[PDB]
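Just below is one structure, and these are the notes that go with it.
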Amino acid sequence: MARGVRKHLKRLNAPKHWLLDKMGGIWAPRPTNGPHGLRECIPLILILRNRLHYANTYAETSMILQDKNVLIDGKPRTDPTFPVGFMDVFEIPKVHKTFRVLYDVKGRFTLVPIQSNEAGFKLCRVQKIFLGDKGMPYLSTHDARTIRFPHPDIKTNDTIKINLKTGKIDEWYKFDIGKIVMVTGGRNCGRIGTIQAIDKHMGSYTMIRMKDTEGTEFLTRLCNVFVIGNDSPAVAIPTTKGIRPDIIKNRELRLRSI
Amino acid sequence: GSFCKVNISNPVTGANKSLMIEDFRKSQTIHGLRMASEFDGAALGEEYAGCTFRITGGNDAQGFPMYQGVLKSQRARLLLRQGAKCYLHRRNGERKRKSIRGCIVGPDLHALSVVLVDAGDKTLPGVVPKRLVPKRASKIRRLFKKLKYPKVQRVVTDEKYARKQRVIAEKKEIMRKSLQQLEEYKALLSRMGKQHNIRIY
Amino acid sequence: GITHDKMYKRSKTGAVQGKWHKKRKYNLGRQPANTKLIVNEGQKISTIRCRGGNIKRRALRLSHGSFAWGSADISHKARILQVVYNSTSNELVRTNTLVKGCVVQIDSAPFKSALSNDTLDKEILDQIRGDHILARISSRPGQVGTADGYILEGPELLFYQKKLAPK
RNA sequence: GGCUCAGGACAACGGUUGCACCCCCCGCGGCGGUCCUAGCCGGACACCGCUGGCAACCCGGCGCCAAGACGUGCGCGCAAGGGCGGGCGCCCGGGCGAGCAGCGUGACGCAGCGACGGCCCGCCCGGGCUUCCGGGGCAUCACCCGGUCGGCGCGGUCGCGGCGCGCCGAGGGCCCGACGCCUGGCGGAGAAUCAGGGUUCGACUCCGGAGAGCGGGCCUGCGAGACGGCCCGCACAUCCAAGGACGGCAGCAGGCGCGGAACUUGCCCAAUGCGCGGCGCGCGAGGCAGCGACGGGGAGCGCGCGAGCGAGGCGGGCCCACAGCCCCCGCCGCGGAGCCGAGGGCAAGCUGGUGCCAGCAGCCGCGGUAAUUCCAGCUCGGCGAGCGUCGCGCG
Ligand SMILES: [Mg+2]
Ligand SMILES: [Mg+2]
Ligand SMILES: [Mg+2]
Ligand SMILES: [Mg+2]
Ligand SMILES: [Mg+2]
Ligand SMILES: [Mg+2]
Ligand SMILES: [Mg+2]
Ligand SMILES: [Mg+2]
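Protein chains in written order, with the authors' numbering: chain E, 1 to 258; chain G, 4 to 129, 134 to 151, 184 to 240; chain I, 2 to 40, 47 to 174.
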């Protein structure tokens with residue numbers, strides 16, 4: 001029974017969707033606390049070193065971050081272990097590359113290059129409405145951001161559009177049947193579909209049923225259902241519109257690419 | 004050995020000196036005296052008569068220091084806390100048990116620390136030079184190769200004033216914006232109840 | 002030292018359980034404050056550094072407290088005279104020890120200073136005309152450093168009056 | 001972080017719940033109204049100078065000086081706790097499955113922040129306890145428990161709770177195996193074996209738990225009942241200029257003892273990470289090398305009538321924190337097989353000795369003049385850089 005909090009992370013005990021190599025080393029980076037937690041995030045160095053290949057070692061990534069060449073929602077971050085999460089903005093001005101962090105059909109993080117018209121905001125999921133000091137209403141989001149004095153019409157599990165420049169709401173999407181959603185956890189991560197039923201069980205989890213555009217149907221709990229607009233997506237999405245292929249189709253694709 | 008290394012320090016002029024004693028009959032008057040106890044120098048007729056001394060400390064034969072409030076003529080062990088005399092800590096909250104000689108004076112001593120408080124007219128081999140000068144602004148204001188001088192402190196130049204004014208203005212505008220936001224939210228909610236702490240006064 | 006761990010107890014069947022670890026600081030305890038009514048003298052309160060840096064204060068001696076008359080909504084600060092009843096033990100009463108639930112006598116001066124004539128609860132007015140008023144303690148000394156309460160009335164007043172009348 | 005498995009058998013542990021009984025540093029985002037010299041307040045110590053004790057370990061006295069240290073504190077009422085504020089059969093917003101939060105008002109109390117402004121709130125990781133199921137053997141252990149079971153009240157705790165105390169009543173568990181005793185008992189993910197069903201093990205790589213000679217206690221700190229932190233008893237151990245002082249390798253190497261059994265008292269932070277930080281430092285974590293027939297994988301001691309090819313040696317590259325090693329380019333050139341057995345199970349037979357002796361033989365059996373079985377030579381068989389013997393597990 002450890003006397004205090006943990007600071008290390010063994011490579012084998014790291015999350016699977018990070019795709020770390022077994023023999024790369026004994027250790028893995030331990031993300032620091034921030035907007036996203038350990039199991040729904042990814043350290044900055046992994047993106048800067050094992051994905052874009054701009055750096056070959058820890059020291060290069062540290063130097064780059066100190067030089068303040070990377071922006072995360074308009075605020076330069078110098079922490080090599082800063083956690084990056086879903087619906088983030090990842091812009092590198094010195095190479096005119098701007099990406100949005102999303103989930104692929106396989107259930108992994110991806111960078112979707114975006115335009116300037118939609119790179120000044122982000123979508124947030126509201127999880128809690130509480131009264132703070134002096135009875136002032138508040139709200140919290142999945143990225144650990146608190147807003148004061150919100151519109152009464154906003155309820156839990158809704159989606160919020162906040163401008164990055166200032167940090168103010170402009171519009172919100174209600175949680176209802178017939179609204180396009182994206183799955184952010186479980187066996188169905190990265191899929192896109194439309195809500196068709198909402199079944200609530202007293203004292204336990206609420207289940208959400210959605211249908212894929214092709215006609216497929218799948219189930220998931222409400223804790224990882226993310227509205228990304230009405231009917232049509234508000235933001236850009238990867239090339240494939242959240243359609244998971246079968247093993248046979250994936251094998252055909254692999255053989256074609258070989 | 005059988006002696007006592009009496010060290011004399013003059014605080015008015017910052018001069019100190021030491022000498023040796025080879026007897027106890029002479030120091031019998033010194034016996035039974037505690038710290039901060041007046042001891043007339045007439046015991047030492049060698050240019051010390053008529054001068055009032057004060058006992059400040061000393062080291063026993065083995066070298067153990069002397070502690071004020073024990074009230075004893077032999078050494079004893081106690082658990083010493085942080086910031087106490089005769090103990091150097093290593094960890095922040097660590098203690099130690101070590102021996103110390105008693106406050107009361109006796110023949111077992113080997114070194115005696117004494118100070119001069121009042122003397123006669125006669126001057127003795129035992134001016135105060137100042138290797139350093141005051142560094143705070145208030146101190147110097149009260150009091151009055185290379186050129187090396189201390190850097191002054193507690194001086195309020197131009198940029199300190201600007202910083203304080205900026206901070207005050209920032210706090211004021213923060214309060215004003217919060218008040219405005221509360222007012223507009225209150226103007227809204229015309230069709231619902233509300234529960235906030237009303238500012239008093 | 003003092004612990005509230007369940008590892009030193011028997012099981013529901015009466016068996017003895019084995020000791021599989023040493024003592025832990027999560028499960029510690031401390032000696033009671035035993036707050037004493039005053040009746047080098049003065050109010051004394053101590054501070055305790057609890058887990059997480061939080062601060063807890065236990066009163067060792069006190070003499071005053073705030074008491075509220077709910078029916079008429081009259082609250083004043085009064086002096087406690089002495090303890091007269093306790094549902095746990097007579098020894099606490101003899102020693103004049105203050106705990107939550109103690110029944111005490113407070114001075115009537117603050118409450119007779121006004122509304123001694125207004126037609127309120129008759130059973131309280133007679134007490135007001137005297138010198139002491141029966142009251143109860145609602146706070147927890149030893150945790151917050153205060154001894155507050157309320158003036159009795161209703162069935163509980165009759166209960167305690169019958170309890171302490173024959174004595 | 002690293003080491004180990006002593007203790008512990010409705011416990012630890014694995015999966016599944018909950019806190020409307022809880023605490024939480026860094027980090028991220030908010031928030032920021034403080035009752036009654038502010039061109040900027042006050043005093044100290046550290047290092048250091050002078051002077052000294054003591055074998056060592058340790059410290060003493062006097063003396064000017066600094067703060068993002070300490071203390072006081074300018075400021076638009078604000079910490080904790082306490083009294084009162086909903087219903088008339090039930091159900092049909094800040095928020096819930098759930099009367100939970102916040103607020104108003106009457107009394108107390110002036111906590112925290114403030115000499116370059118942060119008290120407070122939310123998330124996050126982590127912890128504490130908690131629901132349901134699983135969780136070794138012995139019946140030459142059949143009845144067991146007496147804070148043991150429940151209720152009331154207080155105290156203590158971060159917090160619920162017989163957690164502790166006082167009073168009251170009596171209960172709780174058991175052949176669907178209690179209680180007691182034993183274990184050469186850490187648990188799981190997993191490993192060995194092999195038609196299917198199963199049996200045995202599970203110190204060791206990942207997770208969780210416990211410990212730092214035995215037994216206890218405690219300070220600092222958000223966080224420790226910490227041991228490369230302190231105090232005590234016990235058992236060991238070291239220096240002594242005899243009055244005194246002082247230690248904890250189940251961390252890396254190394255040594256003794258024990259045993260059937262187990263490696264260098266090496267180099268480096270260059271890679272993976274952690275700590276503190278701007279152009280880096282440190283890390284016996286970790287990496288590199290050395291010993292290494294535990295063990296696993298790939299080639300060879302020739303082919304053919306002449307050539308060719310390795311091992312090996314000498315130089316140049318590449319690699320390397322530096323050195324190796326692999327691989328590549330030139331010149332010269334060592335080709336080396338053992339361990340078991342030949343009566344049967346079980347594939348493989350002729351001479352010379354010995355004479356129920358010496359010896360072989362897992363079992364059957366041989367040996368007392370041809371010994372197909374002992375001891376030797378020849379020949380032959382199996383596996384092969386490996387073969388055989390002893391113990392354990394599966395079959
Ligand atoms: Mg004030
Ligand atoms: Mg200060
Ligand atoms: Mg054991
Ligand atoms: Mg472990
Ligand atoms: Mg431990
Ligand atoms: Mg310890
Ligand atoms: Mg340690
Ligand atoms: Mg050690």
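By construction, the Cβ of each residue, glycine as well, lies at the ideal position given by its N, Cα and C atoms.
Taking 8 Å as the CB-CB cut-off, is residue i touching chain E?
i: G:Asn62; result: no
i: G:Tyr224; result: yes
i: G:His92; result: no
i: G:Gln219; result: no
i: G:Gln204; result: no
i: G:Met69; result: no
i: G:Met23; result: no
i: G:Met231; result: yes
i: G:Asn236; result: yes
On a Cα-Cα basis, can you pick out the residue from the options that is closest to residue i?
i: G:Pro128; options: G:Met231, G:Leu119, G:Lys187 and G:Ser5; result: G:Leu119
i: G:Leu22; options: G:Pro189, G:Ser30, G:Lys8 and G:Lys29; result: G:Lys8
i: G:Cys89; options: G:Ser5, G:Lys199 and G:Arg100; result: G:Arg100
i: G:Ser145; options: G:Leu139, G:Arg193, G:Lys75 and G:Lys187; result: G:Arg193
i: E:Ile26; options: E:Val183, E:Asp176 and E:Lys10; result: E:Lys10
i: E:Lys94; options: E:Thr166, E:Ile195, E:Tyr54 and E:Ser257; result: E:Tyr54
i: E:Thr240; options: E:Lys106, E:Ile198, E:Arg209 and E:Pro150; result: E:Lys106
i: E:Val225; options: E:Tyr205, E:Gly215, E:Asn50 and E:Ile169; result: E:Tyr205
i: E:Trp172; options: E:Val183, E:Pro245, E:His151 and E:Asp143; result: E:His151
i: E:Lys7; options: E:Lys22, E:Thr81 and E:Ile47; result: E:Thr81
i: E:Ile154; options: E:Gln127, E:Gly178 and E:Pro15; result: E:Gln127
i: I:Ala116; options: I:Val110, I:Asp138, I:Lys129 and I:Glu130; result: I:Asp138
Please confirm whether residue i and residue j have their CB atoms less than 8 Å apart.
i: G:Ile11; j: G:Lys20; result: yes
i: E:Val181; j: E:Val235; result: no
i: E:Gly193; j: E:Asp104; result: no
i: G:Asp63; j: G:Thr55; result: no
i: G:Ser102; j: G:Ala79; result: yes
i: I:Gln50; j: I:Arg68; result: yes
i: E:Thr61; j: E:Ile45; result: yes
i: I:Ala142; j: I:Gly156; result: yes
i: E:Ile162; j: E:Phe121; result: yes
i: I:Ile144; j: I:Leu99; result: no
i: G:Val140; j: G:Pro189; result: yes
i: I:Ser78; j: I:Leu127; result: yes
i: I:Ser73; j: I:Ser82; result: yes
i: E:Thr220; j: E:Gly242; result: no
i: G:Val15; j: G:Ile58; result: no
Any beta carbon of chain G sitting closer than 8 Å to that of residue i?
i: E:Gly132; result: no
i: E:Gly167; result: no
i: E:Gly135; result: yes
i: E:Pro245; result: no
i: E:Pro15; result: no
i: E:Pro93; result: no
i: E:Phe121; result: no
i: E:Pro233; result: no
i: E:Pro238; result: no
i: E:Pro152; result: yes
i: E:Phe149; result: yes
How many whole angstroms separate the CB atoms of residue i and residue j, which I take to be in contact at a CB cut-off of 8 Å?
i: E:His17; j: E:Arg145; result: With 8 Å as the limit, E:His17 and E:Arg145 do not qualify as a contact, their Cβ atoms being about 24 Å apart.
i: I:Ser70; j: I:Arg56; result: Contact flag wrong, Cβ pair sits at about 27 Å.
i: G:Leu82; j: G:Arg98; result: 5 Å
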